[PDB]
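Report on the structure given below.
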Amino acid sequence: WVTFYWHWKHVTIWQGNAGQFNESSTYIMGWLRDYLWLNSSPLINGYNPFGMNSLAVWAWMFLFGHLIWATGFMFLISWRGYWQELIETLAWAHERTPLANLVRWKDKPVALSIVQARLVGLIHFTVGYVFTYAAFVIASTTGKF
Amino acid sequence: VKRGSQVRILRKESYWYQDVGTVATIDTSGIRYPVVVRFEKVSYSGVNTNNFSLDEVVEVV
Amino acid sequence: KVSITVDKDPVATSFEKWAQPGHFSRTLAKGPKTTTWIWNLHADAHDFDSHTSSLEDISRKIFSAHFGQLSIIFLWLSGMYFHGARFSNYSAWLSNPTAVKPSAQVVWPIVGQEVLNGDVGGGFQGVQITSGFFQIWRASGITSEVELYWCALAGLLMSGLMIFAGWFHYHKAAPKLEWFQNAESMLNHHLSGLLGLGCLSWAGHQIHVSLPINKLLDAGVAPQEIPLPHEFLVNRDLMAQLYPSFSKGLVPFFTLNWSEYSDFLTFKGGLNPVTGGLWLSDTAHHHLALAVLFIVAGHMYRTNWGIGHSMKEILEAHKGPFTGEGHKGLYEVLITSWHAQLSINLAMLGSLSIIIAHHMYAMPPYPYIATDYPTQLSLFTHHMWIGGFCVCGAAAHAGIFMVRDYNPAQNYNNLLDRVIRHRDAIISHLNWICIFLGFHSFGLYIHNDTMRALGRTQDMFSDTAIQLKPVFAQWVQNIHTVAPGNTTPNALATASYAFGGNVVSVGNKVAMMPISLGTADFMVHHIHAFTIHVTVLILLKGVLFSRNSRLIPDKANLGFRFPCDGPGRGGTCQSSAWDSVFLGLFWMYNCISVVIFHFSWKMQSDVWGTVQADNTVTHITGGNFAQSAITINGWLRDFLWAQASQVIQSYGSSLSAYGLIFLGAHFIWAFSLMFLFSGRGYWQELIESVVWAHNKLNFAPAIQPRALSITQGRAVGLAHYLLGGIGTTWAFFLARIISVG
Amino acid sequence: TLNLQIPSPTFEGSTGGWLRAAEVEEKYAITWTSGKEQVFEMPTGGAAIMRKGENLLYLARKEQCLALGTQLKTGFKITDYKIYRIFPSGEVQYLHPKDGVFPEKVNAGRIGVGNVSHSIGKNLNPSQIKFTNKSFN
Amino acid sequence: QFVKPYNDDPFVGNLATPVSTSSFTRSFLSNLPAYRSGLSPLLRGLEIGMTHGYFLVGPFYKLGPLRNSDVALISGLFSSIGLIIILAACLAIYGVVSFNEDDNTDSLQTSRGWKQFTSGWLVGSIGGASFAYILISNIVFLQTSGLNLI
Amino acid sequence: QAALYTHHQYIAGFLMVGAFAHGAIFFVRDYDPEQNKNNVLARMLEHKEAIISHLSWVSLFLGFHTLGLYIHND
Amino acid sequence: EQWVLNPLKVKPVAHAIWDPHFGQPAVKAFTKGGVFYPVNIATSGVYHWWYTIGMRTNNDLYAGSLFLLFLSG
Ligand code: CLA
Ligand code: CLA
Ligand code: CLA
Ligand code: CLA
Ligand code: CLA
Ligand SMILES: CC1=CCCC(C)(C)[C@H]1/C=C/C(C)=C/C=C/C(C)=C/C=C/C=C(C)/C=C/C=C(C)/C=C/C1=C(C)CCCC1(C)C
Ligand SMILES: CC1=CCCC(C)(C)[C@H]1/C=C/C(C)=C/C=C/C(C)=C/C=C/C=C(C)/C=C/C=C(C)/C=C/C1=C(C)CCCC1(C)C
Ligand SMILES: CC1=C(C/C=C(\C)CCC[C@H](C)CCC[C@H](C)CCCC(C)C)C(=O)c2ccccc2C1=O
């Protein structure tokens, strides 16, 4: 919230249309339309079917952040017992498969712990958060000015 | 304290700490926690009764 | 013997139990010591199998609940018909269907919400509707608000009849378990009577009412000038003008001279050039043939007269060397468990809903529905969602059967037992195939995104680069295009113009044109496969491991819906079939969202559009799907960012409601994550602090406040997640399509 | 002691049985007498037929063995089920009915392990047992 | 009838099925190098690597970054060699970590046996990749996948 | 400028979360009630319920009314 | 050195890019610094910071890096 506020206010001032913030900041559709949707254009056009520019890296990292964020959703919504009962079947399959039972694990493959899963999901969520916004802020500022 | 008396709990770990219950029985055999207190408020585990010692209960007025 | 036996006055109608919530349950009838009691009341309201051990009681409750549901549905239909009769622009739409937007809802002018009464057309301003009721009525031959009023009256009368029947068959004449356990008789009657006579009556209605009225409407006659259906019924000469074979009568029918009816019973195929829908003269023949088929099918089972089959004999006779006893015990399982039947019926109903969505878009069945793009999109996505939910419910009730009504004694070395005895092979192989599909379907999109970002556009998986052509789908499309005259000799046109052919245009707008499949279509189809397979993995894994597993050998004792089995064994969270349904519902949402997005973009980019005087069609998006749908950036920019403009710029318009619902659905979706990412201990401790605050003021509820159970927290999170996501897509789709059509 | 010649409950096979870890680390066994040939549910998955007389069954986990025992005790009325643990060396040990009587009822001879002489509220704090060998008890 | 307990053991985590215990399956598995009798771990590795480094050159040759270049085949061989080295390293670390130095007489489940297996696999893989490179460079039908006959 | 501001604000939030986490860790591990007999720290623990309940009330206050004004404007 | 002349016109480059995955289009797209090789443009403000401090030549920055290596040691 803090950085959204800072960035939108300063972007509007830099382009000289501070009235846009003054008028659209009062409802959430204003933020969704005149700040996110409006300023994501150069970033999402970093690469396109018709070419690419230097912002392509930031577009790729934007999508990267979305991906890792949604991946963290996995660890945060899905909990251990399901994965443990699935890894059991996987271990059975490996032990029972010819030409791959010649190889065996030295550490029993188990599911992640409860606290471990919370931490991994939190880390994925945080990395997505930070990388998505870093891309957005740098690419939109560089494409607008 | 005697049977059918209101007693406030003084056990810190108790769901009814500093809360009032009714003494249902006091066993004089010599067990660790003789008094038995009933409560109207159920605990998280769903039990409305417990066994307390004489030093963990104070009669109310 | 298939016979009727009922108990008279089993339950006395009285309000005594209306004032005793939880009466149905022994643990709940005591009273609410905590707030968990309130939630349990609703979670266990309709779990009749946990109220009593009496199959007769459960079956009677289910019968009456079905009657109540039918009354509710009839009330719904009567309301829709009444709104069409009183609060709609149906007559104006009949006059000019291609210019006035259908509308049957009006809002009151209270807080400025009157803006939602947009200029739909026909001198009428209301809320544009996307349910297709106007086209249903036009196909039915309705041309007045009087007929719609009579339809609403019939719906209300049927709702009353259904509610009375439910009360009567619970409290006055409740059938017995021997009455309920008549699978042969029930299937005979459903197939023959319900379905066969329903489609026979509908064929008669189409032959006597819909066909001539729609013939005149397509001829351009005014709805006021068209005669009335009883005029058509009693004036065989008037009908013999439009369809000259009614002068012949029913002698051709009874002499098997059926070709005499080719004028109104034909196999034309294609789409009506004027309306853009299917030929009602084809639908009449379709329903007549279905009536014959169903009435014949309903004579297969033995009831009272020796002739017929016994499903027990059939099932027990169907066994082989890989299956041991085969289908033995399944007849008993299915006539003793309502949950097994519910699972089968829900799976079939959901699959049917999905099939219906696909067909009803490619073969627009109603007059003027194909060029009503909002109606088409809305119906497709709606029925897709219903299908997904029904499939997930089928998984849930399969798990419930496995936990509750599964008995190993009665299932020994049959198919069910053998499945449970090699569940590990099934789940391991499905795991591998899910991983393989995920890789070779999504890593392809990732490869394309990275190559387009690196400037190696010649290394992508695109039609202009490395190609992944769905040659099999294109081959099937070619077959269906060339079938008319060759493999369906007596059909004039293809079943759907989506396979190929000429564009069908109504009102200078595409109704249905060929849909071309390329690399992007190959990719999206394999992603559909991936998502369906993963959902199946979750649901089937839960169902198969409902009773026991290497982790929890005694899980049926814990039940179908339990939170966990503790932090031991490493952690046993979400190890129940209920939690499998929960995760599989998340994944069904994923699958259906991708499916409906694929439909929306593909249809707006390669089917829908306006046709110029040059015969060339310009589409809503204009071919952006072929070269943009191959990259996640393409989907994010050319579909979501590009098409969200209509909904985010809807303030001040009649779609401002769609904008507001867009934002509110976002709110609910985010609000779900509080329940999904969190646990019960934190909220119970926060409630402890709040209760201290309340006690400091010498008051607190007698019903002690408790945080939601673990299962209930998961359920609330999932419900809010699904509502928010589906509502966001709802607002987005409706705003976009009502703005650009 | 355990007799390795007791027949087995004529199971048809499953993929939920024991694996290489049973041959390498530990393999549990359960023996019980049945008055007739009933159908019971394997803790691993599937149905099996117990024989009239003694029945021996091999599992990978003590929890599986005890779940089967609980099923026999509650569903059926068999309570002579004994549980053993077998190592690759052939060191079959005896576990359930440890003293010949189920743990749910007191028996003379047992010694209390893990019993504490106060309530949980009297536990010490980690600050008090920090950098020391004291126990929070 | 066709599906039965594994090795007549009803309680082992396996089932005897046509795919798992048929005559064709047993013959094929028992005649593969990983199971054939008499082969040294080195010869097993030789055969397996020969077989694997052959198929590796094609995917790299026909879909690699330099596939539309005149150095596509050499690039492919080179990338196969790199992957073979990586997999040989994997085999070596797996051998040193999993198998302790006790001597079980080269049974492929020993330190010495696995060392011989990985050495043979490396040699055979590099040799097979080179053989495939030679054949592709010299035969047009393989460079065009048959599109020379068109 | 935008990159620097976002950078330092995110670092600030991480550091604040860590400060509170390590305060909790101190309470779990290093707190000696007998040593902190009725000083400011023991008093914080004494009226933790008041602190938490009033913090919850102010959170609900702010949330309810800020979100309500935003929705009204929307 | 060419940024300290027209700091309001020249974009400050952080470091060169050497990625064997870049195509010619990407190499060209990232040669925006007038340096004749693909580069990243710094967003950390170290250029402005050092210019204010008193750094003018690349030798000053190199000596600073040498000193900081010595201090790490
Ligand atoms: C300088 C300050 C400082 C110091 C000295 C410590 C010291 C300590 N903290 Mg930490 N802590 C800090 C700041 C600090 N903390 C901050 C700012 C936070 C808030 C985020 C925390 C939150 C915190 C918690 C919640 C806990 C600790 C714990 C601990 C102790 C154990 C550390 C441990 O487990 O290592 C962890 C070792 C690691 C290698 C960390 C792995 C995860 C990190 C975050 C990497 C993830 C990023 C990923 C790699 C990037 C991917 C990039 C992408 C492009 C691919 C230790 C005394 C733990 C403890 O013992 O408590 C009793 C504990 O439970 N700390
Ligand atoms: C609660 C869920 C729900 C809701 C709200 C709706 C809502 C709607 N459906 Mg329905 N629908 C649902 C579930 C639902 N459907 C399911 C589960 C199915 C699959 C069986 C269908 C199948 C379906 C069809 C085939 C059609 C609709 C249509 C409609 C629309 C018009 C309503 C109407 O009166 O149509 C009245 C419906 C008809 C005139 C068509 C009836 C033809 C079917 C084949 C009859 C089947 C009856 C039979 C007894 C069902 C059991 C079959 C089983 C034994 C195999 C409306 C948007 C119609 C539409 O889109 O119109 C534009 C439409 O044609 N729906
Ligand atoms: C033919 C359809 C059908 C039928 C007859 C049943 C019947 C049953 N189901 Mg259900 N079920 C169905 C479909 C069906 N199901 C489907 C499609 C799914 C997949 C989602 C499920 C998934 C499912 C599960 C996972 C479980 C059941 C259970 C049950 C039993 C008790 C349910 C209960 O008490 O509900 C009472 C009613 C409620 C609690 C109300 C729930 C409604 C929620 C809160 C959402 C409503 C939102 C609504 C649409 C409005 C949104 C708009 C917003 C702005 C307000 C009962 C036998 C339970 C069971 O048997 O447990 C032992 C159980 O655990 N079902
Ligand atoms: C974007 C978010 C996300 C992602 C990536 C995944 C990924 C997965 N989920 Mg899902 N899941 C999600 C959200 C997500 N989930 C959420 C929110 C939930 C909670 C409802 C779940 C709940 C859930 C369940 C309950 C299950 C899954 C399953 C799966 C697996 C499907 C098949 C597979 O392995 O595909 C593989 C493909 C991918 C993981 C895509 C990314 C990989 C790319 C294309 C390749 C990158 C590799 C790269 C070269 C590595 C280099 C490293 C280093 C050099 C830098 C997979 C691990 C199912 C499963 O495991 O069945 C097999 C399963 O049972 N998920
Ligand atoms: C947008 C998503 C969202 C929302 C709305 C909330 C809301 C809340 N969170 Mg947060 N939370 C979220 C996401 C969200 N959270 C996430 C993703 C997490 C990570 C797991 C958390 C984790 C979390 C924790 C750990 C805590 C909170 C707390 C709070 C409260 C903060 C005070 C406040 O704003 O009160 C104002 C209330 C609101 C903004 C919600 C009101 C919603 C509507 C507008 C009210 C009207 C309802 C309407 C009449 C219903 C009609 C529908 C019906 C017919 C079905 C509040 C209940 C704290 C708390 O409980 O403090 C008291 C707390 O301890 N949250
Ligand atoms: C399962 C199935 C279904 C449908 C029918 C189908 C046939 C496709 C069948 C599948 C068949 C499959 C998967 C066939 C694949 C065959 C493969 C990978 C064959 C590989 C052959 C390898 C060959 C020659 C290697 C030759 C190597 C040589 C000389 C190496 C020599 C050398 C070595 C080893 C070391 C020193 C250097 C030197 C002297 C060059
Ligand atoms: C000087 C001046 C100039 C302009 C006019 C103005 C009126 C502003 C005037 C006055 C300014 C003043 C008085 C500013 C006030 C700022 C203050 C008081 C800032 C303080 C912020 C406090 C913070 C973060 C506290 C965080 C606390 C934490 C982690 C506590 C963690 C802990 C916990 C949870 C358990 C025990 C251990 C420990 C570590 C203590
Ligand atoms: C927020 C939250 C709570 C606290 C929320 C509670 C106790 C909900 C109580 C809400 C009131 C009583 C509902 C009535 C007010 C609503 C505004 C009206 C809508 C609800 C009805 C439609 C049922 C939990 O208890 C919990 C438990 C387990 C996992 C996650 C969570 C969780 O996320």
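Numbers restart at 1 for each chain; the letters A, B, ... are given by sequence-line order, proteins then strands. Whatever order the structure lists them in is the order used to number ligands and atoms, beginning at 1.
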**Request:** Run down the list C:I129, C:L346, C:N345, C:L77 and name the one with the heavy atom closest to atom 34 (O) of ligand 2.
**Result:** C:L77
**Fill in**
Candidates C:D372, C:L379, C:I355, C:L352; heavy atom nearest atom 60 (O) of ligand 2 found on C:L379
**Item:** Under 4.0 Å to a heavy atom of C:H339 - the qualifying atoms of ligand 3, by number
**Value:** 57 (C)
**Asked** Who gets closest to atom 5 (C) of ligand 3 by heavy atom: C:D579, C:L342, C:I62?
**Response** C:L342
**Heavy-atom proximity to atom 65 (N) of ligand 3, best of C:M588, C:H397, C:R561** = C:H397
**Request:** Look up atom 47 (C) of ligand 3 and tell me if a protein heavy atom lies less than 4.0 Å from it?
**Result:** no
**Message:** Under 3.5 Å, is there a donor on one side chain and an acceptor on the other for C:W385 and C:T381?
**Reply:** yes
**Asked** Which atoms of ligand 3 have any heavy atom of C:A43 under 4.0 Å away?
**Response** 33 (C), 34 (O)
**Request:** Compute both the distance and the angle, then confirm whether C:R706 meets the cation-pi test with C:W39: under 6.0 Å from the six-membered ring centre, within 45 degrees of the axis.
**Result:** no
**Prompt:** With respect to atom 26 (C) of ligand 3, which of C:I400, C:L349, C:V581 exhibits the smallest heavy-atom separation?
**Reply:** C:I400
**Fill in**
for atom 25 (O) of ligand 8, nearest protein heavy atom and its distance come out as C:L708 N, 2.9 Å
**Message:** Using heavy atoms and a 4.0 Å limit, tell me yes or no: is C:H383 in contact with ligand 2?
**Reply:** yes
**Message:** Below 4.0 angstrom, counting only protein heavy atoms, does anything approach atom 50 (C) of ligand 2?
**Reply:** no
**Message:** With the threshold set strictly below 4.0 angstrom, can you tell me whether any protein non-hydrogen atom sits that near atom 41 (C) of ligand 3?
**Reply:** no
**Fill in**
closest protein heavy atom to atom 29 (C) of ligand 8 is C:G713 CA, 3.9 Å
**Message:** Suppose I only count heavy atoms of C:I369 and a 4.0 Å limit; which atoms of ligand 2 are within that range?
**Reply:** 62 (C)
**Request:** Starting from atom 30 (C) of ligand 2, locate the nearest protein heavy atom and write down its residue, its atom name and how far away it is, to 0.1 Å.
**Result:** C:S131 O, 3.9 Å
**Asked** Is the closest basic N to carboxylate O distance between C:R561 and C:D47 below 4.0 Å?
**Response** no
**Asked** Can you tell me the protein heavy atom closest to atom 62 (C) of ligand 3 and the distance?
**Response** C:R404 NH2, 3.0 Å
**Message:** Between C:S353 (side chain only) and C:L349 (backbone N and O only), is there a donor and an acceptor less than 3.5 Å apart?
**Reply:** no
**Prompt:** What atoms of ligand 2 come closer than 4.0 angstrom to any heavy atom of C:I386?
**Reply:** 2 (C), 17 (C)
**Prompt:** Does the protein put a heavy atom less than 4.0 Å from atom 44 (C) of ligand 3?
**Reply:** no
**Request:** Consider only side-chain N and O atoms of C:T27 and C:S25, and report whether a donor and an acceptor are under 3.5 Å apart.
**Result:** yes
**Prompt:** Where's the contact between C:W683 and ligand 8, heavy-atom distance under 4.0 Å: side chain, backbone, both or neither?
**Reply:** side chain
**Message:** Can you tell me which portion of C:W202 lies within the under-4.0 Å heavy-atom range of ligand 2? Options are side chain, backbone, both, or neither.
**Reply:** neither
**Complete:** Note: ligand 8 atoms sitting under 4.0 Å from heavy atoms of C:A707 are 25 (O)
**Asked** How close does the nearest protein non-hydrogen atom get to atom 11 (C) of ligand 8, and which residue and atom is it?
**Response** C:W39 CZ2, 4.9 Å
**Request:** Could you check which of C:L191, C:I136, C:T130, C:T375 puts a non-hydrogen atom nearest to atom 35 (O) of ligand 2?
**Result:** C:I136
**Prompt:** For atom 54 (C) of ligand 2, which protein heavy atom lies nearest, and how many Å away is it?
**Reply:** C:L195 CD1, 4.5 Å
**Asked** Does C:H286 use its side chain to pair, donor to acceptor, with the backbone of C:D282 at less than 3.5 Å?
**Response** no
**Message:** Has C:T130 got a side-chain atom pairing as donor or acceptor with C:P374's backbone, closer than 3.5 angstrom?
**Reply:** no
**Prompt:** Which ligand 8 atoms, with their elements, are less than 4.0 angstrom from a heavy-atom of C:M674?
**Reply:** 1 (C), 33 (O)
**Request:** Select one of side chain, backbone, both or neither to describe which atoms of C:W578 lie under 4.0 Å from any atom of ligand 3, heavy atoms only.
**Result:** side chain
**Request:** Please work out whether any backbone atom (N, CA, C, O) or any side-chain heavy atom from C-beta onward of C:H382 is under 4.0 Å from ligand 2, and answer side chain, backbone, both or neither.
**Result:** side chain
**Message:** Closer than 4.0 Å and a protein heavy atom, does any atom meet both conditions relative to atom 21 (C) of ligand 3?
**Reply:** yes
**Item:** Flag side-chain contact, heavy atom, 4.5 Å: C:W137 against C:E147
**Value:** no
**Prompt:** Counting only heavy atoms, which portion of C:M80 has something under 4.0 Å from ligand 2: side chain, backbone, both, or neither?
**Reply:** neither
**Side chain, backbone, both or neither: C:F560 near ligand 3, heavy atoms under 4.0 Å** = side chain
**Item:** Heavy-atom protein neighbour under 4.0 angstrom from atom 37 (C) of ligand 2
**Value:** no
**Fill in**
for atom 23 (C) of ligand 3, nearest protein heavy atom and its distance come out as C:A396 CB, 3.9 Å
**Prompt:** About how many Å separate CG of C:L708 and CZ of C:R680, when rounded to the nearest 0.5 Å?
**Reply:** 8.0 Å
**Asked** Which residue and non-hydrogen atom of the protein lie closest to atom 19 (C) of ligand 2, and at what distance in Å?
**Response** C:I356 CD1, 3.6 Å
**Item:** Main-chain N/O of C:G155 paired with C:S159 side-chain donor or acceptor, under 3.5 Å
**Value:** no
**Message:** Which residue and atom name correspond to the protein heavy atom nearest atom 52 (C) of ligand 3, and how close is it?
**Reply:** C:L723 CD1, 4.0 Å
**Message:** Any donor-acceptor pair under 3.5 Å linking the side-chain atoms of C:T728 with those of C:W669?
**Reply:** no
**Fill in**
Residue, atom and distance of the protein heavy atom nearest atom 32 (C) of ligand 3 read C:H46 CB, 4.3 Å
**Request:** Return a yes/no value: protein heavy atom under 4.0 Å from atom 16 (C) of ligand 8?
**Result:** no
**Asked** Any idea which protein heavy atom is nearest atom 64 (O) of ligand 2, and the distance to it?
**Response** C:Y366 OH, 2.9 Å
**Message:** Under a 4.0 angstrom heavy-atom cut-off, which atoms of ligand 3 come close to C:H42?
**Reply:** 34 (O), 36 (C), 39 (C)
